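Report on the structure given below.
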Amino acid sequence: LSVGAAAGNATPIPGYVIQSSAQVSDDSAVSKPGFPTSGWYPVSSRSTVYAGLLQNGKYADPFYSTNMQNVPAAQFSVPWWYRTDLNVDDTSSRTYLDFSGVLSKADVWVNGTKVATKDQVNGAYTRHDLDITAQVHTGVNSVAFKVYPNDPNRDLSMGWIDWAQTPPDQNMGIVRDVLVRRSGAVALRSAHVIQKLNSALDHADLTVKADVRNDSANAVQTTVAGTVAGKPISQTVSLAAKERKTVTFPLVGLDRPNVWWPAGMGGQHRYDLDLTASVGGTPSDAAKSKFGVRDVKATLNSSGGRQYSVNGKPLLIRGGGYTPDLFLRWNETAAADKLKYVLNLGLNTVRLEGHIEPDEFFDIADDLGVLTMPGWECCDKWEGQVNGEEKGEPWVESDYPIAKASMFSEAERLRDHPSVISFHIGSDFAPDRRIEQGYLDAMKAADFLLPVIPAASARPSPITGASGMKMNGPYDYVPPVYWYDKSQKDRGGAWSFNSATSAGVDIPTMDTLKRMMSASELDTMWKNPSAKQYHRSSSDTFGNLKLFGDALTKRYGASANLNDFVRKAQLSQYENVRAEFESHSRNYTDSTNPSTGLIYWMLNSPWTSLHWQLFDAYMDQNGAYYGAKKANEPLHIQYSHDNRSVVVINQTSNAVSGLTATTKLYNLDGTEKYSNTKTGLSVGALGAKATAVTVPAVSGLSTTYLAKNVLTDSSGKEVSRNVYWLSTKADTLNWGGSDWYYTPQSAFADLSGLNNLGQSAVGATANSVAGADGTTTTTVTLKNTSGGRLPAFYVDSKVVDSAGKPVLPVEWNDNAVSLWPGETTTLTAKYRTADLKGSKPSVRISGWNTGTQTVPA
Ligand SMILES: N[C@@H]1[C@@H](O)[C@H](O[C@@H]2O[C@H](CO)[C@@H](O)[C@H](O)[C@H]2N)[C@@H](CO)O[C@H]1O
């Protein structure tokens, strides 16, 4: 690792060699050039200690079975050393280390000199700008961090609450870049752009602000100059030695701006800011950044619910809680792939309960137009001052400055990313008056002007007041019809802002299960859902799958084997997830106590998991994935579980007309028991609704029966198809036996008729085209080819290689389809050609009642 004396440079350290402090008797030696590093582990940038060890193949894959449990934890109760060499070609310019992402705290050493202590460098989110000119010399230099162990209850850091299992190193390390910075007498820092757009959206007057710091021994004059959005800006100011000033540039108008819009509402353009700070007529430093022209409000409506709007357009928030990799392994591509999945799912937002991702994540979200909901996390140090019996230690005087500094640093990162619609200063508990003032003050200081939400629960903060959100559960199984209830003010019904709720277990696809659990573990899974699974939660509330398994047995029938359990798990996850979203969609436009947002719990998992996920750790797509995708289609037909209303949802930003909504009922022997065609439907923009018909109570329906919704646009084209499997027996709730994380059932619906649905057939043809942009698009055509009256039900197509393994990540236009005899559908799958790994592409088609076939592609 080198540096160029050219003033402006901000090169990240590309790697380190790491080792336990157990191996080091003389702290000061580690940073002296030529210190012997034999037996040290080389790790890439942004590594936890444990991620660093795995990179070196020192332990088995923790995604598989109980591998993570065989890792001795004790070795991570002492500090570890992160160490690298640093070539300096010319110490003409000053040298800085600028960084964050240290868990939990660190000593910083340069060339035998301790330049900062763990007291000065403390907290994952705190930024640090260390002037190390005094210690740097020409040639080979050395920098070493003594990173201290991490405890999320004690440290203003990251913890994993109850999502998965505790990583053995408890995430200790450096999980962001350490930047080596070079500049002259004057350092440029904190350059940003306050932007205020008018309500006609055709003018913005922009305010550029940036700090300059004179780290030389004498007074200087410095000119700060460059462009913002195609406009010259320039300011000259004076500076004493060691002095820092905030330069505020004069206002700049931008007549007709390229407004930034969420996915599906317009472009995702960003403008540039580009400043050079100069001394004696020479660049001393320089900073390039981006920003979006976009307004965002989150106001409380008349029923007391939080309501987002972007560029004056109100939106129902539809998304899921986002989590990074359990050992915080970063990969830019993987981050874009995940955000791209949000758009495949048709969601508009992700929430980050702490674990706030590096800058690139937000760059991508900005470009994709995916909205982000960052904030602090519950259930550990962050709320330890205000959460009573909940895990997390009470604050001491020294916690407050770190807390505030953390807020300032994150606000400083987030402020100019248009995808950000708010920061959450609380999650389960809102902070007290002291801590909230610190948080609000840090925001003002950074010019963070985005909505501030006191909590994701219902608890209000002293100063910002009501949240307009709720966290009543559930997080484990409830019947689909639960989601439709507005009568229980203490429950997770579709009203207000559901900031974190799901129905628990989300069994991943077979291809995934086999990679994550041994045959014996999988055997136990279906036979005894009541037993602990290492790949659910470390929490006792969610250590097992009892609640899911009783429900799955009683509703769909007892399980014969693994395949039976799994295919039943997928229909239940498809059924539940769909209902959860479709209910919130419908109740959006309700006059009184409407639904304002829904954050599914969760969008993804930190590792290979059995719950709280839409996509799994390998990017694979199951029942719950398909269920949300269906529920969130842009032009969509649904059916209400509470009252049989056939509703139509238009998520797009244009009103739409000439819509025909064909709705049919069938028994399990294929006999049509009802039919409706509503023609000339007109549904307005951005999640407006129209009823097509309320299905009447029909007699002679089989115990288990189907519903077939079809929606076509005025040019023909089938735009939405939605198939329900229902029961003349109803799911009912024993509301009185409710606990915080679910509501128990008194009655169960009977969908076991599905066990006996007669065989059908499909009916498949596929071919592929590889683009010059290194993607492949595979086109499959499905047909119900049988001569009966039975549908080809829950047909699932997967791009696979010759090994029959799924090509991932992948994005379908539609999947898990149901076709009545003679009907046809054409599907599109897009994926990177390289993920095929030289193999020829194939498609694996599997139905509930059509068996499995794979056709070439
Ligand atoms: N200890 C619970 C707390 O976990 C819960 O809030 C959410 O719970 C999810 C499931 O436990 C969890 O994954 C998420 O991180 C939490 N924000 C609250 C409120 O429902 O109650 C506490 O008793």
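All residue names refer to the structure tokens as shown: chains lettered A, B, ... in order, residues numbered from 1 in each chain, ligands numbered from 1 in order.
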Legend entry - Selection near residue A:613, 8 Å with only C-alpha atoms, sequence-local residues under 5 positions removed, as a ChimeraX atom specification: /A:506,601-605,624
Backbone-only DSSP, strand (DSSP E) members of stretch 39-252 of chain A, as a compact mmCIF listing (two decimals) with N, CA and C atoms, in the first residue's frame:
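Listed below is the output, states_37.txt:
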```txt
# COMPACT_ATOMS: atom_id res chain seq x y z
N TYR A 41 -2.71 -13.67 10.05
CA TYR A 41 -3.71 -13.96 9.03
C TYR A 41 -3.92 -12.76 8.15
N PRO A 42 -3.67 -12.90 6.84
CA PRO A 42 -3.99 -11.80 5.93
C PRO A 42 -5.50 -11.74 5.69
N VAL A 43 -6.07 -10.54 5.82
CA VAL A 43 -7.51 -10.33 5.63
C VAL A 43 -7.74 -9.17 4.68
N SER A 44 -8.83 -9.24 3.92
CA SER A 44 -9.15 -8.13 3.04
C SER A 44 -9.71 -6.97 3.87
N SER A 47 -13.11 -6.28 7.35
CA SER A 47 -13.21 -7.60 7.97
C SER A 47 -13.44 -7.59 9.46
N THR A 48 -14.43 -8.35 9.89
CA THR A 48 -14.46 -8.82 11.27
C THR A 48 -13.33 -9.83 11.44
N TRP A 80 -7.59 -7.83 19.31
CA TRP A 80 -6.84 -8.34 18.18
C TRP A 80 -6.21 -7.17 17.47
N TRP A 81 -5.08 -7.45 16.81
CA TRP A 81 -4.32 -6.46 16.07
C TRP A 81 -4.60 -6.50 14.57
N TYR A 82 -4.83 -5.32 14.00
CA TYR A 82 -4.95 -5.10 12.57
C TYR A 82 -3.76 -4.27 12.12
N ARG A 83 -3.01 -4.77 11.16
CA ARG A 83 -1.72 -4.18 10.86
C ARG A 83 -1.42 -4.18 9.37
N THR A 84 -0.91 -3.04 8.89
CA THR A 84 -0.46 -2.90 7.51
C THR A 84 0.71 -1.95 7.36
N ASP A 85 1.48 -2.18 6.29
CA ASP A 85 2.54 -1.28 5.87
C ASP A 85 1.94 -0.20 5.01
N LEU A 86 2.64 0.93 4.93
CA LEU A 86 2.16 2.08 4.20
C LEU A 86 3.35 2.85 3.61
N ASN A 87 3.55 2.68 2.31
CA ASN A 87 4.57 3.44 1.58
C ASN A 87 4.16 4.91 1.41
N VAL A 88 5.11 5.80 1.69
CA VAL A 88 4.92 7.25 1.55
C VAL A 88 6.04 7.79 0.67
N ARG A 94 0.67 16.63 4.17
CA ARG A 94 0.30 16.02 5.44
C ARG A 94 -0.35 14.67 5.17
N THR A 95 -0.47 13.86 6.22
CA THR A 95 -1.07 12.53 6.09
C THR A 95 -2.14 12.30 7.16
N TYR A 96 -3.28 11.77 6.75
CA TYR A 96 -4.38 11.50 7.67
C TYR A 96 -4.86 10.07 7.56
N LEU A 97 -5.30 9.54 8.69
CA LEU A 97 -6.13 8.33 8.74
C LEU A 97 -7.55 8.81 9.09
N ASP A 98 -8.50 8.50 8.21
CA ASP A 98 -9.90 8.89 8.38
C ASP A 98 -10.72 7.61 8.27
N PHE A 99 -11.53 7.33 9.29
CA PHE A 99 -12.27 6.06 9.33
C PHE A 99 -13.47 5.98 10.29
N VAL A 102 -15.15 0.66 13.56
CA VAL A 102 -14.37 -0.07 14.55
C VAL A 102 -15.26 -0.65 15.66
N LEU A 103 -15.27 -1.98 15.80
CA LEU A 103 -16.00 -2.63 16.88
C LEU A 103 -14.98 -3.30 17.76
N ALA A 106 -10.60 1.00 19.78
CA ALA A 106 -9.26 0.69 19.29
C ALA A 106 -8.20 1.68 19.74
N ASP A 107 -6.97 1.18 19.88
CA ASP A 107 -5.78 2.03 19.92
C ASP A 107 -5.20 2.14 18.52
N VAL A 108 -4.68 3.31 18.17
CA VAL A 108 -4.12 3.50 16.84
C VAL A 108 -2.65 3.85 16.97
N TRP A 109 -1.80 3.11 16.27
CA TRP A 109 -0.36 3.24 16.41
C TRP A 109 0.23 3.54 15.05
N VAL A 110 1.15 4.50 14.99
CA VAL A 110 1.93 4.73 13.77
C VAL A 110 3.40 4.83 14.13
N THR A 113 4.38 4.89 17.66
CA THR A 113 3.68 5.93 18.41
C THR A 113 2.17 5.69 18.46
N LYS A 114 1.63 5.64 19.67
CA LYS A 114 0.20 5.50 19.89
C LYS A 114 -0.40 6.87 19.65
N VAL A 115 -1.11 7.02 18.53
CA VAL A 115 -1.65 8.33 18.12
C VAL A 115 -3.09 8.61 18.59
N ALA A 116 -3.78 7.56 19.03
CA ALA A 116 -5.14 7.68 19.59
C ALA A 116 -5.43 6.51 20.53
N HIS A 128 -13.36 9.29 12.63
CA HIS A 128 -12.12 9.81 13.16
C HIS A 128 -11.18 10.29 12.05
N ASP A 129 -10.64 11.48 12.26
CA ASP A 129 -9.78 12.15 11.29
C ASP A 129 -8.43 12.45 11.93
N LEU A 130 -7.54 11.45 11.94
CA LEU A 130 -6.28 11.56 12.68
C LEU A 130 -5.15 12.15 11.84
N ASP A 131 -4.74 13.34 12.25
CA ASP A 131 -3.54 14.02 11.76
C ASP A 131 -2.32 13.25 12.26
N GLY A 139 9.34 6.53 2.53
CA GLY A 139 9.62 5.08 2.48
C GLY A 139 8.53 4.21 3.08
N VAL A 140 8.93 3.13 3.76
CA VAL A 140 7.99 2.16 4.39
C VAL A 140 7.57 2.57 5.83
N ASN A 141 6.27 2.83 6.03
CA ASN A 141 5.70 3.16 7.35
C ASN A 141 4.81 2.03 7.83
N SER A 142 4.41 2.07 9.10
CA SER A 142 3.43 1.10 9.57
C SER A 142 2.38 1.64 10.51
N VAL A 143 1.17 1.13 10.34
CA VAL A 143 -0.03 1.55 11.07
C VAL A 143 -0.62 0.28 11.67
N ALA A 144 -1.01 0.33 12.94
CA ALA A 144 -1.62 -0.82 13.56
C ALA A 144 -2.75 -0.42 14.50
N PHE A 145 -3.87 -1.12 14.40
CA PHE A 145 -4.97 -0.92 15.33
C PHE A 145 -5.03 -2.08 16.31
N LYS A 146 -5.15 -1.76 17.60
CA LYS A 146 -5.45 -2.76 18.61
C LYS A 146 -6.94 -2.67 18.86
N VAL A 147 -7.69 -3.50 18.15
CA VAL A 147 -9.14 -3.49 18.18
C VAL A 147 -9.61 -4.32 19.36
N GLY A 173 -13.67 -5.96 15.07
CA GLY A 173 -12.82 -5.68 13.92
C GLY A 173 -13.07 -4.32 13.32
N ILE A 174 -12.72 -4.19 12.04
CA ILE A 174 -12.88 -2.93 11.30
C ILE A 174 -13.72 -3.19 10.04
N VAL A 178 -10.52 2.08 6.25
CA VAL A 178 -9.63 3.11 6.78
C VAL A 178 -9.02 3.82 5.58
N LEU A 179 -9.25 5.13 5.52
CA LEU A 179 -8.79 5.97 4.43
C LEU A 179 -7.48 6.66 4.78
N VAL A 180 -6.48 6.49 3.92
CA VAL A 180 -5.29 7.32 3.99
C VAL A 180 -5.50 8.57 3.15
N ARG A 181 -5.44 9.72 3.81
CA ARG A 181 -5.66 11.00 3.18
C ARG A 181 -4.39 11.86 3.10
N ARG A 182 -4.19 12.49 1.94
CA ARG A 182 -3.08 13.43 1.73
C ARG A 182 -3.61 14.78 1.28
N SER A 183 -3.10 15.82 1.94
CA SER A 183 -3.41 17.22 1.65
C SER A 183 -2.26 18.12 2.14
N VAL A 186 -4.11 22.78 4.27
CA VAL A 186 -5.55 22.84 4.46
C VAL A 186 -6.25 21.53 4.07
N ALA A 187 -7.07 21.04 5.00
CA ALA A 187 -7.86 19.84 4.80
C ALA A 187 -9.30 20.22 4.48
N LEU A 188 -9.87 19.58 3.46
CA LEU A 188 -11.29 19.75 3.12
C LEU A 188 -12.07 18.59 3.76
N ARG A 189 -13.18 18.91 4.43
CA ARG A 189 -13.98 17.91 5.14
C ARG A 189 -15.45 18.32 5.11
N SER A 190 -16.35 17.33 5.21
CA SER A 190 -17.78 17.55 5.44
C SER A 190 -18.52 18.40 4.37
N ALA A 191 -18.06 18.33 3.13
CA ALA A 191 -18.73 19.02 2.02
C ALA A 191 -20.12 18.43 1.72
N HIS A 192 -21.16 19.25 1.79
CA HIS A 192 -22.52 18.80 1.51
C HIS A 192 -23.39 19.86 0.85
N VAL A 193 -24.62 19.48 0.48
CA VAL A 193 -25.50 20.39 -0.25
C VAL A 193 -26.91 20.37 0.32
N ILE A 194 -27.25 21.38 1.11
CA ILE A 194 -28.65 21.58 1.52
C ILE A 194 -29.42 21.88 0.24
N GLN A 195 -30.50 21.14 0.00
CA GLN A 195 -31.34 21.35 -1.19
C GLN A 195 -32.83 21.41 -0.86
N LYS A 196 -33.49 22.42 -1.39
CA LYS A 196 -34.87 22.70 -1.07
C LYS A 196 -35.60 22.93 -2.38
N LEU A 197 -36.53 22.03 -2.67
CA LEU A 197 -37.27 22.01 -3.91
C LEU A 197 -38.64 22.62 -3.67
N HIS A 203 -38.23 24.32 -9.49
CA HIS A 203 -37.11 25.14 -9.06
C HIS A 203 -36.54 24.60 -7.75
N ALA A 204 -35.21 24.61 -7.63
CA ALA A 204 -34.54 24.37 -6.35
C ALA A 204 -33.48 25.45 -6.16
N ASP A 205 -33.42 26.01 -4.95
CA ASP A 205 -32.36 26.94 -4.64
C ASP A 205 -31.47 26.08 -3.64
N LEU A 206 -30.18 25.86 -3.98
CA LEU A 206 -29.26 24.95 -3.24
C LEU A 206 -28.21 25.70 -2.39
N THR A 207 -27.94 25.23 -1.17
CA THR A 207 -26.88 25.82 -0.33
C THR A 207 -25.72 24.84 -0.11
N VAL A 208 -24.56 25.19 -0.64
CA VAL A 208 -23.37 24.36 -0.45
C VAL A 208 -22.66 24.78 0.83
N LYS A 209 -22.30 23.79 1.64
CA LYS A 209 -21.50 24.00 2.86
C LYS A 209 -20.33 23.02 2.90
N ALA A 210 -19.20 23.48 3.42
CA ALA A 210 -18.02 22.63 3.58
C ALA A 210 -17.10 23.21 4.62
N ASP A 211 -16.41 22.32 5.33
CA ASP A 211 -15.45 22.73 6.35
C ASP A 211 -14.03 22.75 5.77
N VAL A 212 -13.24 23.71 6.24
CA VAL A 212 -11.81 23.75 5.98
C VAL A 212 -11.03 23.88 7.29
N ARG A 213 -9.95 23.11 7.38
CA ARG A 213 -9.13 23.03 8.59
C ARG A 213 -7.65 23.21 8.26
N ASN A 214 -7.05 24.20 8.91
CA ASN A 214 -5.66 24.59 8.70
C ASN A 214 -4.78 23.88 9.71
N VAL A 220 -3.16 31.03 7.17
CA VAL A 220 -3.24 30.89 5.73
C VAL A 220 -4.52 31.54 5.25
N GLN A 221 -4.56 31.86 3.96
CA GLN A 221 -5.82 32.15 3.31
C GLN A 221 -6.10 30.98 2.40
N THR A 222 -7.36 30.57 2.35
CA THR A 222 -7.77 29.51 1.42
C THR A 222 -9.04 29.82 0.63
N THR A 223 -8.98 29.54 -0.67
CA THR A 223 -10.13 29.69 -1.54
C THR A 223 -10.72 28.31 -1.77
N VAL A 224 -12.04 28.19 -1.56
CA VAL A 224 -12.76 26.95 -1.81
C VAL A 224 -13.64 27.13 -3.03
N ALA A 225 -13.37 26.35 -4.07
CA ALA A 225 -13.95 26.62 -5.36
C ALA A 225 -14.23 25.35 -6.12
N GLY A 226 -15.25 25.43 -6.96
CA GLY A 226 -15.63 24.33 -7.84
C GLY A 226 -17.04 24.52 -8.35
N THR A 227 -17.71 23.41 -8.65
CA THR A 227 -19.05 23.44 -9.21
C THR A 227 -20.04 22.63 -8.40
N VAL A 228 -21.28 23.08 -8.40
CA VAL A 228 -22.39 22.29 -7.88
C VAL A 228 -23.49 22.31 -8.94
N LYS A 231 -22.78 24.75 -11.79
CA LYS A 231 -22.79 26.14 -11.36
C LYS A 231 -21.50 26.49 -10.63
N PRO A 232 -20.87 27.61 -11.01
CA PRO A 232 -19.61 27.96 -10.36
C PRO A 232 -19.89 28.38 -8.94
N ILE A 233 -19.08 27.92 -8.01
CA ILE A 233 -19.11 28.46 -6.66
C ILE A 233 -17.68 28.71 -6.22
N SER A 234 -17.52 29.71 -5.37
CA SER A 234 -16.20 30.12 -4.92
C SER A 234 -16.32 30.95 -3.65
N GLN A 235 -15.53 30.61 -2.65
CA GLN A 235 -15.47 31.41 -1.45
C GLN A 235 -14.05 31.40 -0.96
N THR A 236 -13.56 32.57 -0.58
CA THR A 236 -12.26 32.69 0.07
C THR A 236 -12.47 33.10 1.53
N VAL A 237 -11.75 32.42 2.42
CA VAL A 237 -11.82 32.72 3.85
C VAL A 237 -10.42 32.69 4.46
N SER A 238 -10.29 33.28 5.65
CA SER A 238 -9.01 33.25 6.34
C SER A 238 -9.01 32.25 7.47
N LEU A 239 -7.83 31.73 7.80
CA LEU A 239 -7.70 30.69 8.81
C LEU A 239 -6.44 30.83 9.66
N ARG A 244 -10.62 25.50 12.27
CA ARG A 244 -11.68 24.93 11.42
C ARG A 244 -12.91 25.85 11.28
N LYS A 245 -13.26 26.16 10.03
CA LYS A 245 -14.43 27.00 9.70
C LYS A 245 -15.41 26.26 8.81
N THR A 246 -16.71 26.50 9.01
CA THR A 246 -17.70 26.05 8.04
C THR A 246 -17.93 27.14 7.01
N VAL A 247 -17.46 26.92 5.79
CA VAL A 247 -17.80 27.80 4.66
C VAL A 247 -19.23 27.55 4.18
N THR A 248 -20.05 28.59 4.22
CA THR A 248 -21.39 28.52 3.66
C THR A 248 -21.40 29.30 2.37
N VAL A 252 -27.77 29.06 -4.59
CA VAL A 252 -27.69 28.78 -6.03
C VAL A 252 -29.03 28.22 -6.52
```
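Summary of the local environment: counting only C-alpha atoms, residues at most 8 Å from residue A:625, other than itself and those fewer than 2 positions away along its chain, are residues 345, 574, 614, 615, 621, 622, 623, 627, 628 and 629 of chain A.
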Produce a file of the selected residues containing N, CA and C atoms, as a PDB file, in the first residue's frame.
```pdb
ATOM      1  N   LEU A 345     -39.292  -8.061  -6.179  1.00  0.00           N
ATOM      2  CA  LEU A 345     -40.402  -8.243  -5.252  1.00  0.00           C
ATOM      3  C   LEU A 345     -41.495  -7.176  -5.410  1.00  0.00           C
ATOM      4  N   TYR A 574     -46.373 -18.701   1.158  1.00  0.00           N
ATOM      5  CA  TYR A 574     -46.907 -17.937   0.032  1.00  0.00           C
ATOM      6  C   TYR A 574     -48.244 -17.309   0.414  1.00  0.00           C
ATOM      7  N   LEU A 614     -37.606 -13.073   3.171  1.00  0.00           N
ATOM      8  CA  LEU A 614     -38.218 -13.202   1.836  1.00  0.00           C
ATOM      9  C   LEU A 614     -37.292 -13.946   0.848  1.00  0.00           C
ATOM     10  N   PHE A 615     -36.083 -13.427   0.650  1.00  0.00           N
ATOM     11  CA  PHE A 615     -35.022 -14.234   0.058  1.00  0.00           C
ATOM     12  C   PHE A 615     -34.034 -14.800   1.098  1.00  0.00           C
ATOM     13  N   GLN A 621     -35.266 -18.231  -4.002  1.00  0.00           N
ATOM     14  CA  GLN A 621     -36.617 -17.679  -3.966  1.00  0.00           C
ATOM     15  C   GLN A 621     -37.688 -18.749  -3.758  1.00  0.00           C
ATOM     16  N   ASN A 622     -38.419 -18.611  -2.654  1.00  0.00           N
ATOM     17  CA  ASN A 622     -39.358 -19.625  -2.191  1.00  0.00           C
ATOM     18  C   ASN A 622     -40.828 -19.159  -2.171  1.00  0.00           C
ATOM     19  N   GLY A 623     -41.667 -19.857  -1.393  1.00  0.00           N
ATOM     20  CA  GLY A 623     -43.058 -19.489  -1.163  1.00  0.00           C
ATOM     21  C   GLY A 623     -43.273 -18.052  -0.746  1.00  0.00           C
ATOM     22  N   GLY A 627     -44.785 -14.981  -2.756  1.00  0.00           N
ATOM     23  CA  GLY A 627     -46.027 -14.502  -2.146  1.00  0.00           C
ATOM     24  C   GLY A 627     -46.072 -12.998  -2.027  1.00  0.00           C
ATOM     25  N   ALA A 628     -44.928 -12.403  -1.693  1.00  0.00           N
ATOM     26  CA  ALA A 628     -44.789 -10.944  -1.630  1.00  0.00           C
ATOM     27  C   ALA A 628     -44.715 -10.366  -3.042  1.00  0.00           C
ATOM     28  N   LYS A 629     -43.920 -11.007  -3.893  1.00  0.00           N
ATOM     29  CA  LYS A 629     -43.805 -10.585  -5.276  1.00  0.00           C
ATOM     30  C   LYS A 629     -45.197 -10.456  -5.889  1.00  0.00           C
TER      31      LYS A 629
END
```
Legend entry - Contacts of ligand 1, 7 Å or closer, only C-alpha atoms and all ligand atoms, given as a ChimeraX atom specification: /A:161-163,378-379,390,427-428,457,471-473,475,500,740-741
Export of prior selection with C-alpha atoms as an mmCIF file, in the first residue's frame:
```cif
data_model
loop_
_atom_site.group_PDB
_atom_site.id
_atom_site.type_symbol
_atom_site.label_atom_id
_atom_site.label_comp_id
_atom_site.auth_asym_id
_atom_site.auth_seq_id
_atom_site.Cartn_x
_atom_site.Cartn_y
_atom_site.Cartn_z
ATOM 1 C CA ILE A 161 -30.821 -9.159 18.907
ATOM 2 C CA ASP A 162 -32.711 -12.412 18.127
ATOM 3 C CA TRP A 163 -32.376 -12.693 14.346
ATOM 4 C CA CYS A 378 -33.322 -2.207 20.043
ATOM 5 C CA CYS A 379 -32.539 -4.707 22.727
ATOM 6 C CA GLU A 390 -34.599 -5.657 28.209
ATOM 7 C CA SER A 427 -36.643 1.317 17.715
ATOM 8 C CA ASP A 428 -38.572 -0.409 20.538
ATOM 9 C CA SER A 457 -43.077 1.220 18.337
ATOM 10 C CA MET A 471 -44.777 -2.744 17.172
ATOM 11 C CA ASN A 472 -47.476 -5.060 18.589
ATOM 12 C CA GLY A 473 -46.247 -8.258 16.935
ATOM 13 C CA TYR A 475 -43.313 -12.466 14.754
ATOM 14 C CA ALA A 500 -41.793 -4.833 12.014
ATOM 15 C CA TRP A 740 -46.713 -10.150 22.312
ATOM 16 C CA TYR A 741 -45.318 -12.196 19.390
#
```
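The neighbours of residue A:497 here are the residues that come within 6 Å of it, using only C-alpha atoms and leaving out any residue fewer than 3 positions away in the same chain; they are residues 469, 470, 596 and 597 of chain A.
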Inset, instruction - Find the spatial neighbours of residue A:100, counting only C-alpha atoms, within a cut-off of 6 Å - ignore same-chain residues fewer than 2 positions away - and output them as number ranges by chain. - result: A: 102, 125-127
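What separates atom CA of residue A:307 from atom CA of residue A:198 is a distance of 19.8 Å.
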